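Going by the entry's author numbering, the sequence shown wraps up at 31, each residue one higher than the last.
Think of the CB as a built atom: it goes at the ideal place given N, C-alpha and C, for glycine as much as any other residue.
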Amino acid sequence: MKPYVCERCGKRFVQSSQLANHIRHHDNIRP
Ligand SMILES: [Zn+2]
């Protein structure tokens with residue numbers, strides 16, 4: 001719940017769980 005933002009791509013979701021995984025799914029893509 002509540003609008004959450006994955007500013008590292010720009011996609012925003014209200015999912016606290018999906019965000020938590022999404023941000024982690026971001027910081028691994030780097031070298
Ligand atoms: Zn993202």
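Whole-Å CB distance - residue i paired with residue j, under 8 Å assumed
| i | j | result |
| --- | --- | --- |
| residue 31 | residue 14 | Not quite, the Cβ-Cβ distance comes to about 31 Å (not below 8 Å), so this is no contact. |
| residue 6 | residue 19 | 6 Å |
Output the residues surrounding ligand 1, defined as those with a CB atom closer than 6 Å to any ligand heavy atom, in chain order.
6, 8, 9, 11, 22, 26
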